[PDB]
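Just below is one structure, and these are the notes that go with it.
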Amino acid sequence: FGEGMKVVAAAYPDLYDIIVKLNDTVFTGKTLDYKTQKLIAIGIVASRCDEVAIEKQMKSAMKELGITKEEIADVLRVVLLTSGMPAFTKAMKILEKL
Amino acid sequence: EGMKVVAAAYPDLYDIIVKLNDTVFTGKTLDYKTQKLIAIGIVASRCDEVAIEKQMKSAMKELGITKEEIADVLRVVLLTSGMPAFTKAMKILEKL
Amino acid sequence: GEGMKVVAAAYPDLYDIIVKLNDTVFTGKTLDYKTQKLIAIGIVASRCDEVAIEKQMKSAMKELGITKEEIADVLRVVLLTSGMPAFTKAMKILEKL
Amino acid sequence: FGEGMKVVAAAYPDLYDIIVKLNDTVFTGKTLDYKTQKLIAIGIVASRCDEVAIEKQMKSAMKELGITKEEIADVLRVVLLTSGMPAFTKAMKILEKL
Amino acid sequence: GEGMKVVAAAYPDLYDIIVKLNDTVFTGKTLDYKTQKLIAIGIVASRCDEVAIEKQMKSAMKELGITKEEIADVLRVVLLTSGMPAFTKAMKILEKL
Amino acid sequence: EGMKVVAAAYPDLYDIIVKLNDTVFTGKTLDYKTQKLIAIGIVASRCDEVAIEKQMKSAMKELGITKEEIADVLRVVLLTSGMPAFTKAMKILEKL
């Protein structure tokens, strides 16, 4: 996890621990694999305005799971349809710079 | 219907919407099912219950996407978007 | 609205400022009220509150004689800026209005 | 918790349990009391479009904590300033009907 | 934009439909392009993406000769529909533009 | 400044914004501090980092609201709004 979660670990250890368990359970799908769920997470975050959140989801996916920029771009096609040009173009620019 | 009126009244707009849809869902590497699961996650992260119900229903009917698959998407909605979105979407799923 | 009827009854200072806010917002330096009301439609149509969308559209048509095709021109912008879910919800609302 | 959470209890017991722990920890503030936090929760939910979520937060607050409609109305004043007339008027109407 | 330059290079079919979408959206049945572009400003100003806001405003001023007071009339509507945070962010963007 | 320009260019608008603010924060029963904590929660549930940082800074400076109090608000943001909003706001808080 990123800087935000390290602050939580420092400030509120028990809350941190419950968040980690939540995260680990969320990403233990019954049918969908972790890669698919992380692609979904990218889509959701990219549909909103948090540029740093978008960069971090994309970076972690590529680093941790080996997700490609081509796979991310396919996620962004869905962002365009669901969410419009502003979200799409912002996300595409972030992907390009990664 | 709804798009049925767009087709009749605004044929150019309708034609470009059909093409936008078709092109979006012609992925370079991810398949259509994966893209539709992403679409469900995005819509479920918001408050439009109709979009959510419609998105889920179409996915199940058109693609054979399962309720368990949808629930796996909703897990991600909880983490990204919080309890209200998650519990609303789970209630919707249960009625399908 | 029902919301505003009770605000007027129960919270007269808040109601007073709300009316004045509305009046001042819609007293543009350059843009006319029709243009501003079309902008308002676009903004609420870009979001998920069906009631707000139906109310902005219905008041526009009633107050200003705005047509469904004019509202649809607004919804074109909603599609581009906001995506298919917002567009399709708002277009169904418009059609049924 | 409401119908959504009962579905989660039925479908995913371990996920349900982690959510309950998260909830209980979130509402164990270090300084702010539970009433204050629930008023904040009303504000946040009311700032968005989920009418059912708004009705449920308000109902539970009034039932569980004895929060008044006058206190909720003061929350909604802040919703107006932060979020605009649509959110304010929708929330006020829901409060009125409660 | 940078986003669109790479889409054009890498994804020509998607780029093609995006351009056509834009062109069709901004070919209104009744409303003119200026009105539609003001609506677009209002919608993106109601949300949190500063880049989109700066881009819509800058293109409006450049393409259409839209003035800061005209944009401010849009922002009046943003305040009413969307609240102080959106209004103040967008007004600062406008002022600095 | 930003509102400083509004004051000069659009005096009626400015005057009504000041009154809206003042009236909103004249609660019938809740105090100003409680209302400002609510405001922090609402803004933090969204993506505008500047609004969040400004809201927190003003609250601490104007009202003596503490970082621990702000963190208690952010707990509610996590539950209502998810991890991204929570972790972003915690990162902002840490720098204040």
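Letters A, B, ... go to the chains of the structure tokens in the order shown; residues in each chain start at 1; ligands are counted from 1 in the same order.
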Is it possible to see chain C as a short mmCIF file (atom, residue, chain, number, x, y, z; two decimals) with C-alpha atoms, in the first residue's frame, once it has been laid onto chain E by a least-squares fit on every C-alpha atom in order?
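To be explicit, this is the file written out as superposed_31.cif:
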data_model
loop_
_atom_site.label_atom_id
_atom_site.label_comp_id
_atom_site.auth_asym_id
_atom_site.auth_seq_id
_atom_site.Cartn_x
_atom_site.Cartn_y
_atom_site.Cartn_z
CA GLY C 1 -4.03 16.75 -25.91
CA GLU C 2 -1.23 14.31 -25.07
CA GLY C 3 -3.94 11.74 -24.26
CA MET C 4 -5.47 12.14 -27.71
CA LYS C 5 -2.20 12.30 -29.62
CA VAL C 6 -1.38 8.74 -28.46
CA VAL C 7 -4.93 7.50 -29.00
CA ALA C 8 -4.65 8.81 -32.60
CA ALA C 9 -1.31 7.05 -33.08
CA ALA C 10 -2.10 3.77 -31.30
CA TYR C 11 -5.89 3.35 -31.59
CA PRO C 12 -7.01 4.83 -34.90
CA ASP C 13 -10.56 3.36 -34.91
CA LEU C 14 -11.21 4.63 -31.35
CA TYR C 15 -9.71 8.02 -32.28
CA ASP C 16 -11.91 8.17 -35.40
CA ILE C 17 -15.11 7.54 -33.43
CA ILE C 18 -14.07 10.06 -30.76
CA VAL C 19 -13.66 12.79 -33.36
CA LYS C 20 -16.99 11.88 -34.97
CA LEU C 21 -18.66 11.79 -31.56
CA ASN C 22 -17.33 15.24 -30.79
CA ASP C 23 -18.45 16.58 -34.20
CA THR C 24 -21.96 15.11 -33.90
CA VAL C 25 -22.44 16.17 -30.28
CA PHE C 26 -21.59 19.74 -31.26
CA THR C 27 -23.92 19.71 -34.30
CA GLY C 28 -27.08 20.54 -32.40
CA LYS C 29 -30.56 20.52 -33.84
CA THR C 30 -31.35 23.96 -32.35
CA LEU C 31 -28.68 25.08 -29.92
CA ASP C 32 -25.52 26.65 -31.37
CA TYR C 33 -21.95 25.58 -30.69
CA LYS C 34 -21.26 28.48 -28.31
CA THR C 35 -24.20 27.48 -26.08
CA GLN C 36 -23.15 23.83 -26.11
CA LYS C 37 -19.56 24.73 -25.23
CA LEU C 38 -20.82 26.87 -22.26
CA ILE C 39 -22.85 23.84 -21.12
CA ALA C 40 -19.66 21.72 -21.35
CA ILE C 41 -17.82 24.23 -19.15
CA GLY C 42 -20.62 24.05 -16.59
CA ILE C 43 -20.59 20.29 -16.45
CA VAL C 44 -16.82 19.86 -16.05
CA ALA C 45 -16.66 22.83 -13.60
CA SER C 46 -19.19 20.98 -11.43
CA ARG C 47 -16.60 18.18 -10.96
CA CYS C 48 -13.04 17.93 -9.56
CA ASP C 49 -10.79 17.61 -12.62
CA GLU C 50 -8.88 20.92 -12.80
CA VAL C 51 -7.31 20.00 -16.16
CA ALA C 52 -10.61 19.44 -17.86
CA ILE C 53 -11.91 22.76 -16.46
CA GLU C 54 -8.83 24.73 -17.63
CA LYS C 55 -9.01 23.02 -21.07
CA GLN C 56 -12.72 23.66 -21.65
CA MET C 57 -12.33 27.32 -20.59
CA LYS C 58 -9.13 27.96 -22.57
CA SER C 59 -10.55 26.33 -25.77
CA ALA C 60 -13.80 28.28 -25.36
CA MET C 61 -11.96 31.58 -25.10
CA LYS C 62 -9.59 30.73 -27.99
CA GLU C 63 -12.04 28.99 -30.36
CA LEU C 64 -15.11 31.11 -29.72
CA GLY C 65 -13.97 34.40 -28.19
CA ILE C 66 -15.88 33.62 -25.00
CA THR C 67 -15.03 36.16 -22.24
CA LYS C 68 -14.23 35.60 -18.54
CA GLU C 69 -17.51 37.30 -17.57
CA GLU C 70 -19.42 34.82 -19.79
CA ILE C 71 -17.63 31.94 -18.11
CA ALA C 72 -18.38 33.46 -14.71
CA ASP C 73 -22.12 33.44 -15.65
CA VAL C 74 -21.70 29.69 -16.16
CA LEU C 75 -20.02 29.42 -12.77
CA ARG C 76 -23.02 31.13 -11.14
CA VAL C 77 -25.03 28.07 -12.20
CA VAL C 78 -22.27 25.75 -10.93
CA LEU C 79 -22.58 27.36 -7.47
CA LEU C 80 -26.35 26.88 -7.33
CA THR C 81 -26.31 23.31 -8.64
CA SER C 82 -23.08 22.09 -7.12
CA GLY C 83 -21.95 24.15 -4.14
CA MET C 84 -19.12 26.42 -2.97
CA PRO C 85 -16.15 24.04 -3.40
CA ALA C 86 -16.85 23.60 -7.13
CA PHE C 87 -17.61 27.28 -7.58
CA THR C 88 -14.48 28.52 -5.82
CA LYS C 89 -12.13 26.02 -7.55
CA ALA C 90 -13.50 26.93 -10.95
CA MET C 91 -13.49 30.67 -10.26
CA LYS C 92 -9.78 30.51 -9.24
CA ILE C 93 -9.02 28.55 -12.43
CA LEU C 94 -10.88 31.19 -14.46
CA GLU C 95 -9.11 34.10 -12.77
CA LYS C 96 -5.66 32.58 -13.33
CA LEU C 97 -6.37 31.50 -16.91
#
Fit target chain B, mobile chain F, all Cα in order, as a JSON list (two decimals) with N, CA and C atoms, in the first residue's frame:
[["chain", "number", "residue", "atom", "x", "y", "z"],
["F", 1, "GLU", "N", -35.70, 0.51, -25.77],
["F", 1, "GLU", "CA", -36.44, 1.79, -26.05],
["F", 1, "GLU", "C", -35.89, 2.91, -25.15],
["F", 2, "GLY", "N", -35.87, 4.13, -25.69],
["F", 2, "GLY", "CA", -35.11, 5.25, -25.09],
["F", 2, "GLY", "C", -34.03, 5.62, -26.09],
["F", 3, "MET", "N", -33.23, 4.62, -26.44],
["F", 3, "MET", "CA", -32.38, 4.69, -27.62],
["F", 3, "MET", "C", -33.22, 4.51, -28.87],
["F", 4, "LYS", "N", -34.38, 3.87, -28.74],
["F", 4, "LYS", "CA", -35.28, 3.71, -29.89],
["F", 4, "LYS", "C", -35.75, 5.07, -30.45],
["F", 5, "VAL", "N", -36.01, 6.00, -29.54],
["F", 5, "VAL", "CA", -36.39, 7.35, -29.91],
["F", 5, "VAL", "C", -35.21, 8.10, -30.52],
["F", 6, "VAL", "N", -34.02, 7.94, -29.93],
["F", 6, "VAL", "CA", -32.82, 8.57, -30.46],
["F", 6, "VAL", "C", -32.66, 8.12, -31.91],
["F", 7, "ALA", "N", -32.82, 6.82, -32.16],
["F", 7, "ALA", "CA", -32.70, 6.32, -33.54],
["F", 7, "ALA", "C", -33.60, 7.06, -34.53],
["F", 8, "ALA", "N", -34.86, 7.27, -34.13],
["F", 8, "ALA", "CA", -35.84, 7.94, -34.96],
["F", 8, "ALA", "C", -35.62, 9.45, -35.10],
["F", 9, "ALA", "N", -35.28, 10.11, -34.00],
["F", 9, "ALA", "CA", -35.21, 11.56, -33.99],
["F", 9, "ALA", "C", -33.84, 12.10, -34.40],
["F", 10, "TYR", "N", -32.79, 11.38, -34.00],
["F", 10, "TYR", "CA", -31.39, 11.85, -34.10],
["F", 10, "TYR", "C", -30.51, 10.73, -34.68],
["F", 11, "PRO", "N", -30.75, 10.40, -35.95],
["F", 11, "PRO", "CA", -30.11, 9.25, -36.58],
["F", 11, "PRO", "C", -28.58, 9.30, -36.60],
["F", 12, "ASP", "N", -27.97, 10.45, -36.83],
["F", 12, "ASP", "CA", -26.51, 10.56, -36.80],
["F", 12, "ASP", "C", -25.97, 10.29, -35.41],
["F", 13, "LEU", "N", -26.57, 10.92, -34.41],
["F", 13, "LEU", "CA", -26.20, 10.68, -33.03],
["F", 13, "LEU", "C", -26.32, 9.19, -32.69],
["F", 14, "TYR", "N", -27.45, 8.60, -33.08],
["F", 14, "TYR", "CA", -27.66, 7.18, -32.82],
["F", 14, "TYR", "C", -26.55, 6.33, -33.45],
["F", 15, "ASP", "N", -26.24, 6.62, -34.69],
["F", 15, "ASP", "CA", -25.23, 5.86, -35.43],
["F", 15, "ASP", "C", -23.87, 5.96, -34.75],
["F", 16, "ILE", "N", -23.50, 7.14, -34.29],
["F", 16, "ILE", "CA", -22.20, 7.28, -33.62],
["F", 16, "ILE", "C", -22.22, 6.60, -32.25],
["F", 17, "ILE", "N", -23.34, 6.60, -31.54],
["F", 17, "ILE", "CA", -23.41, 5.88, -30.27],
["F", 17, "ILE", "C", -23.22, 4.37, -30.47],
["F", 18, "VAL", "N", -23.86, 3.82, -31.50],
["F", 18, "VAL", "CA", -23.69, 2.40, -31.81],
["F", 18, "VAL", "C", -22.22, 2.10, -32.12],
["F", 19, "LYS", "N", -21.62, 2.92, -32.95],
["F", 19, "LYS", "CA", -20.20, 2.75, -33.25],
["F", 19, "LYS", "C", -19.28, 2.92, -32.05],
["F", 20, "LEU", "N", -19.55, 3.90, -31.19],
["F", 20, "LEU", "CA", -18.77, 4.10, -29.98],
["F", 20, "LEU", "C", -18.83, 2.84, -29.12],
["F", 21, "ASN", "N", -20.04, 2.33, -28.94],
["F", 21, "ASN", "CA", -20.23, 1.11, -28.14],
["F", 21, "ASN", "C", -19.43, -0.05, -28.71],
["F", 22, "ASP", "N", -19.59, -0.26, -30.02],
["F", 22, "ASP", "CA", -18.97, -1.39, -30.69],
["F", 22, "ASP", "C", -17.46, -1.30, -30.65],
["F", 23, "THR", "N", -16.93, -0.10, -30.84],
["F", 23, "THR", "CA", -15.49, 0.12, -30.85],
["F", 23, "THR", "C", -14.89, -0.01, -29.44],
["F", 24, "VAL", "N", -15.56, 0.58, -28.46],
["F", 24, "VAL", "CA", -15.14, 0.44, -27.07],
["F", 24, "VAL", "C", -14.97, -1.02, -26.70],
["F", 25, "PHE", "N", -15.95, -1.84, -27.09],
["F", 25, "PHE", "CA", -16.01, -3.22, -26.68],
["F", 25, "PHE", "C", -15.29, -4.15, -27.67],
["F", 26, "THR", "N", -14.51, -3.56, -28.58],
["F", 26, "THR", "CA", -13.58, -4.33, -29.40],
["F", 26, "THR", "C", -12.20, -4.07, -28.83],
["F", 27, "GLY", "N", -11.88, -4.77, -27.75],
["F", 27, "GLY", "CA", -10.62, -4.60, -27.09],
["F", 27, "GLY", "C", -9.47, -5.14, -27.90],
["F", 28, "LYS", "N", -8.28, -4.59, -27.66],
["F", 28, "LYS", "CA", -7.06, -5.09, -28.29],
["F", 28, "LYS", "C", -6.58, -6.37, -27.65],
["F", 29, "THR", "N", -6.80, -6.52, -26.35],
["F", 29, "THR", "CA", -6.36, -7.66, -25.62],
["F", 29, "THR", "C", -7.39, -8.21, -24.63],
["F", 30, "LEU", "N", -8.10, -7.35, -23.91],
["F", 30, "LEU", "CA", -9.12, -7.85, -22.99],
["F", 30, "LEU", "C", -10.37, -8.28, -23.77],
["F", 31, "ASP", "N", -11.03, -9.33, -23.32],
["F", 31, "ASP", "CA", -12.24, -9.77, -24.00],
["F", 31, "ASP", "C", -13.47, -8.99, -23.56],
["F", 32, "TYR", "N", -14.55, -9.22, -24.28],
["F", 32, "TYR", "CA", -15.80, -8.51, -24.06],
["F", 32, "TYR", "C", -16.33, -8.75, -22.63],
["F", 33, "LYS", "N", -16.28, -9.99, -22.17],
["F", 33, "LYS", "CA", -16.77, -10.31, -20.83],
["F", 33, "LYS", "C", -16.02, -9.49, -19.76],
["F", 34, "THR", "N", -14.70, -9.45, -19.85],
["F", 34, "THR", "CA", -13.90, -8.66, -18.91],
["F", 34, "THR", "C", -14.27, -7.19, -18.96],
["F", 35, "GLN", "N", -14.41, -6.64, -20.16],
["F", 35, "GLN", "CA", -14.83, -5.25, -20.31],
["F", 35, "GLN", "C", -16.21, -4.98, -19.70],
["F", 36, "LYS", "N", -17.14, -5.92, -19.85],
["F", 36, "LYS", "CA", -18.49, -5.74, -19.31],
["F", 36, "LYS", "C", -18.47, -5.81, -17.78],
["F", 37, "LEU", "N", -17.62, -6.65, -17.21],
["F", 37, "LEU", "CA", -17.46, -6.71, -15.74],
["F", 37, "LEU", "C", -16.91, -5.38, -15.20],
["F", 38, "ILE", "N", -15.94, -4.82, -15.92],
["F", 38, "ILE", "CA", -15.43, -3.48, -15.60],
["F", 38, "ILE", "C", -16.56, -2.44, -15.63],
["F", 39, "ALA", "N", -17.37, -2.48, -16.67],
["F", 39, "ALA", "CA", -18.53, -1.56, -16.84],
["F", 39, "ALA", "C", -19.49, -1.67, -15.64],
["F", 40, "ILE", "N", -19.76, -2.90, -15.22],
["F", 40, "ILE", "CA", -20.62, -3.14, -14.03],
["F", 40, "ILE", "C", -20.03, -2.51, -12.79],
["F", 41, "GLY", "N", -18.73, -2.68, -12.59],
["F", 41, "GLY", "CA", -18.03, -2.05, -11.47],
["F", 41, "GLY", "C", -18.10, -0.53, -11.45],
["F", 42, "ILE", "N", -17.93, 0.08, -12.62],
["F", 42, "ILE", "CA", -17.98, 1.51, -12.70],
["F", 42, "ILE", "C", -19.36, 2.02, -12.38],
["F", 43, "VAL", "N", -20.38, 1.44, -12.99],
["F", 43, "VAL", "CA", -21.76, 1.89, -12.79],
["F", 43, "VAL", "C", -22.20, 1.65, -11.32],
["F", 44, "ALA", "N", -21.81, 0.50, -10.77],
["F", 44, "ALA", "CA", -22.16, 0.16, -9.38],
["F", 44, "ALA", "C", -21.49, 1.07, -8.36],
["F", 45, "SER", "N", -20.37, 1.70, -8.72],
["F", 45, "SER", "CA", -19.67, 2.60, -7.83],
["F", 45, "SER", "C", -20.41, 3.91, -7.66],
["F", 46, "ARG", "N", -21.40, 4.14, -8.52],
["F", 46, "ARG", "CA", -22.26, 5.32, -8.48],
["F", 46, "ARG", "C", -23.66, 5.04, -7.92],
["F", 47, "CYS", "N", -24.54, 6.03, -7.96],
["F", 47, "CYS", "CA", -25.84, 5.91, -7.29],
["F", 47, "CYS", "C", -27.01, 5.54, -8.20],
["F", 48, "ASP", "N", -26.78, 5.40, -9.51],
["F", 48, "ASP", "CA", -27.91, 5.13, -10.40],
["F", 48, "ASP", "C", -28.33, 3.65, -10.36],
["F", 49, "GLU", "N", -29.30, 3.34, -9.50],
["F", 49, "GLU", "CA", -29.82, 1.98, -9.36],
["F", 49, "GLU", "C", -30.31, 1.34, -10.66],
["F", 50, "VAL", "N", -30.84, 2.15, -11.58],
["F", 50, "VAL", "CA", -31.38, 1.63, -12.83],
["F", 50, "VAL", "C", -30.28, 1.22, -13.76],
["F", 51, "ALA", "N", -29.25, 2.06, -13.85],
["F", 51, "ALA", "CA", -28.09, 1.72, -14.63],
["F", 51, "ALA", "C", -27.50, 0.44, -14.07],
["F", 52, "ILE", "N", -27.52, 0.28, -12.74],
["F", 52, "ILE", "CA", -26.85, -0.88, -12.15],
["F", 52, "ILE", "C", -27.66, -2.13, -12.49],
["F", 53, "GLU", "N", -28.95, -2.08, -12.22],
["F", 53, "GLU", "CA", -29.85, -3.20, -12.47],
["F", 53, "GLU", "C", -29.83, -3.59, -13.95],
["F", 54, "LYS", "N", -29.89, -2.59, -14.83],
["F", 54, "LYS", "CA", -29.86, -2.84, -16.28],
["F", 54, "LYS", "C", -28.55, -3.45, -16.73],
["F", 55, "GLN", "N", -27.44, -2.89, -16.26],
["F", 55, "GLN", "CA", -26.10, -3.38, -16.54],
["F", 55, "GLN", "C", -25.95, -4.84, -16.11],
["F", 56, "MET", "N", -26.39, -5.15, -14.89],
["F", 56, "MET", "CA", -26.31, -6.54, -14.40],
["F", 56, "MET", "C", -27.19, -7.48, -15.21],
["F", 57, "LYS", "N", -28.45, -7.09, -15.43],
["F", 57, "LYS", "CA", -29.42, -7.91, -16.18],
["F", 57, "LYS", "C", -28.92, -8.23, -17.60],
["F", 58, "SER", "N", -28.50, -7.20, -18.32],
["F", 58, "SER", "CA", -27.96, -7.40, -19.67],
["F", 58, "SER", "C", -26.76, -8.34, -19.65],
["F", 59, "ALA", "N", -25.86, -8.15, -18.69],
["F", 59, "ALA", "CA", -24.66, -8.96, -18.59],
["F", 59, "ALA", "C", -25.00, -10.43, -18.38],
["F", 60, "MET", "N", -25.99, -10.70, -17.53],
["F", 60, "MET", "CA", -26.35, -12.06, -17.22],
["F", 60, "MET", "C", -27.02, -12.72, -18.45],
["F", 61, "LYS", "N", -27.89, -11.95, -19.10],
["F", 61, "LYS", "CA", -28.69, -12.41, -20.24],
["F", 61, "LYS", "C", -27.87, -12.51, -21.52],
["F", 62, "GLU", "N", -27.11, -11.47, -21.84],
["F", 62, "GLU", "CA", -26.34, -11.41, -23.07],
["F", 62, "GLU", "C", -25.08, -12.26, -22.99],
["F", 63, "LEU", "N", -24.38, -12.24, -21.85],
["F", 63, "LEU", "CA", -23.07, -12.88, -21.77],
["F", 63, "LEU", "C", -23.01, -14.11, -20.88],
["F", 64, "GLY", "N", -24.08, -14.44, -20.16],
["F", 64, "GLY", "CA", -23.98, -15.55, -19.22],
["F", 64, "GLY", "C", -23.09, -15.25, -18.02],
["F", 65, "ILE", "N", -22.81, -13.97, -17.77],
["F", 65, "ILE", "CA", -22.14, -13.57, -16.54],
["F", 65, "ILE", "C", -23.01, -14.02, -15.35],
["F", 66, "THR", "N", -22.38, -14.59, -14.34],
["F", 66, "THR", "CA", -23.08, -15.18, -13.21],
["F", 66, "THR", "C", -23.23, -14.19, -12.06],
["F", 67, "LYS", "N", -24.16, -14.47, -11.16],
["F", 67, "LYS", "CA", -24.25, -13.65, -9.95],
["F", 67, "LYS", "C", -23.01, -13.68, -9.12],
["F", 68, "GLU", "N", -22.32, -14.83, -9.06],
["F", 68, "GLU", "CA", -21.09, -14.88, -8.27],
["F", 68, "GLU", "C", -20.03, -13.98, -8.88],
["F", 69, "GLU", "N", -19.95, -13.98, -10.20],
["F", 69, "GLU", "CA", -19.05, -13.05, -10.90],
["F", 69, "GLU", "C", -19.39, -11.60, -10.58],
["F", 70, "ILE", "N", -20.67, -11.26, -10.59],
["F", 70, "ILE", "CA", -21.08, -9.91, -10.26],
["F", 70, "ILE", "C", -20.69, -9.56, -8.83],
["F", 71, "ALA", "N", -20.94, -10.48, -7.91],
["F", 71, "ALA", "CA", -20.52, -10.26, -6.53],
["F", 71, "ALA", "C", -19.00, -10.01, -6.39],
["F", 72, "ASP", "N", -18.19, -10.71, -7.18],
["F", 72, "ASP", "CA", -16.74, -10.48, -7.20],
["F", 72, "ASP", "C", -16.37, -9.08, -7.65],
["F", 73, "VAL", "N", -17.12, -8.54, -8.61],
["F", 73, "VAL", "CA", -17.02, -7.14, -8.99],
["F", 73, "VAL", "C", -17.39, -6.23, -7.82],
["F", 74, "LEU", "N", -18.49, -6.53, -7.14],
["F", 74, "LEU", "CA", -18.97, -5.70, -6.04],
["F", 74, "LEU", "C", -17.98, -5.63, -4.87],
["F", 75, "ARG", "N", -17.22, -6.70, -4.64],
["F", 75, "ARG", "CA", -16.11, -6.63, -3.67],
["F", 75, "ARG", "C", -15.22, -5.43, -3.93],
["F", 76, "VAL", "N", -14.87, -5.24, -5.21],
["F", 76, "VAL", "CA", -13.98, -4.15, -5.59],
["F", 76, "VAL", "C", -14.69, -2.81, -5.40],
["F", 77, "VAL", "N", -15.99, -2.75, -5.71],
["F", 77, "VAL", "CA", -16.80, -1.56, -5.45],
["F", 77, "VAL", "C", -16.73, -1.16, -3.95],
["F", 78, "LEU", "N", -16.87, -2.14, -3.06],
["F", 78, "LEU", "CA", -16.77, -1.84, -1.62],
["F", 78, "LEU", "C", -15.46, -1.13, -1.28],
["F", 79, "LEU", "N", -14.36, -1.74, -1.69],
["F", 79, "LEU", "CA", -13.04, -1.15, -1.39],
["F", 79, "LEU", "C", -12.79, 0.21, -2.01],
["F", 80, "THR", "N", -13.24, 0.42, -3.27],
["F", 80, "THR", "CA", -13.00, 1.66, -3.98],
["F", 80, "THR", "C", -13.99, 2.77, -3.64],
["F", 81, "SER", "N", -15.15, 2.38, -3.14],
["F", 81, "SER", "CA", -16.29, 3.29, -3.17],
["F", 81, "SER", "C", -17.11, 3.35, -1.90],
["F", 82, "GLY", "N", -16.90, 2.40, -1.01],
["F", 82, "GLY", "CA", -17.54, 2.39, 0.29],
["F", 82, "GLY", "C", -18.80, 1.57, 0.44],
["F", 83, "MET", "N", -19.29, 1.57, 1.66],
["F", 83, "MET", "CA", -20.39, 0.70, 2.06],
["F", 83, "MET", "C", -21.72, 0.99, 1.36],
["F", 84, "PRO", "N", -22.11, 2.27, 1.26],
["F", 84, "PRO", "CA", -23.37, 2.56, 0.59],
["F", 84, "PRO", "C", -23.50, 1.98, -0.81],
["F", 85, "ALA", "N", -22.48, 2.17, -1.66],
["F", 85, "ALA", "CA", -22.52, 1.62, -3.01],
["F", 85, "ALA", "C", -22.58, 0.10, -2.98],
["F", 86, "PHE", "N", -21.77, -0.49, -2.11],
["F", 86, "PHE", "CA", -21.69, -1.94, -2.03],
["F", 86, "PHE", "C", -23.01, -2.58, -1.61],
["F", 87, "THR", "N", -23.58, -2.08, -0.53],
["F", 87, "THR", "CA", -24.82, -2.66, 0.02],
["F", 87, "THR", "C", -26.02, -2.43, -0.91],
["F", 88, "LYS", "N", -26.07, -1.28, -1.58],
["F", 88, "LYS", "CA", -27.11, -1.00, -2.56],
["F", 88, "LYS", "C", -27.03, -2.02, -3.70],
["F", 89, "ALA", "N", -25.81, -2.24, -4.22],
["F", 89, "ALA", "CA", -25.59, -3.12, -5.36],
["F", 89, "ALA", "C", -25.85, -4.58, -4.99],
["F", 90, "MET", "N", -25.50, -4.95, -3.78],
["F", 90, "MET", "CA", -25.78, -6.32, -3.29],
["F", 90, "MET", "C", -27.29, -6.57, -3.18],
["F", 91, "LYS", "N", -28.03, -5.58, -2.68],
["F", 91, "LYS", "CA", -29.50, -5.63, -2.63],
["F", 91, "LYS", "C", -30.09, -5.79, -4.03],
["F", 92, "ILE", "N", -29.58, -5.04, -5.00],
["F", 92, "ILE", "CA", -30.01, -5.16, -6.40],
["F", 92, "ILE", "C", -29.72, -6.57, -6.95],
["F", 93, "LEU", "N", -28.51, -7.05, -6.71],
["F", 93, "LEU", "CA", -28.10, -8.37, -7.18],
["F", 93, "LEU", "C", -29.01, -9.46, -6.64],
["F", 94, "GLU", "N", -29.35, -9.38, -5.36],
["F", 94, "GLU", "CA", -30.20, -10.39, -4.72],
["F", 94, "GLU", "C", -31.58, -10.55, -5.36],
["F", 95, "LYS", "N", -32.12, -9.46, -5.90],
["F", 95, "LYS", "CA", -33.40, -9.45, -6.59],
["F", 95, "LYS", "C", -33.35, -9.93, -8.04],
["F", 96, "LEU", "N", -32.16, -10.11, -8.60],
["F", 96, "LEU", "CA", -32.02, -10.64, -9.96],
["F", 96, "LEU", "C", -32.00, -12.17, -9.99]]
Practice problem: Would you return as a ChimeraX atom specification the members of chain F that DSSP assigns to alpha helix (DSSP H) on this structure's backbone? | Solution: /F:3-9,11-24,32-44,49-63,67-81,83-95
Exercise. Using only C-alpha atoms, select each residue of chain A with any atom at most 7 Å away from an atom of chain C, and give the selection as a list in words.
Key: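 Written out as asked, the residues are residues 80, 81, 82, 83, 84, 85 and 86 of chain A.
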Sorted by chain and rising residue number, list the residues of chain A at most 9 Å from chain D (counting only C-alpha atoms), each with its closest atom pair and distance in Å to one decimal, as CSV.
residue,atom,partner,partner_atom,distance
A:14,CA,D:25,CA,8.1
A:15,CA,D:25,CA,6.6
A:18,CA,D:22,CA,6.2
A:19,CA,D:22,CA,7.3
A:21,CA,D:18,CA,7.2
A:22,CA,D:18,CA,6.2
A:25,CA,D:15,CA,6.6
A:26,CA,D:15,CA,7.7
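The space separating CA of residue 50 in chain A from CA of residue 90 in chain A comes to 10.0 Å.
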Quiz item: Could you list, as a ChimeraX atom specification, every residue of chain A that has an atom within 12 Å of an atom of chain F, counting only C-alpha atoms?
Solution: /A:1-12,15-16,18-20,22-23,41-42,44-57
Quiz item: Quick one: distance from CA of residue 70 in chain A to CA of residue 34 in chain A in Å, one decimal?
Solution: 17.8 Å
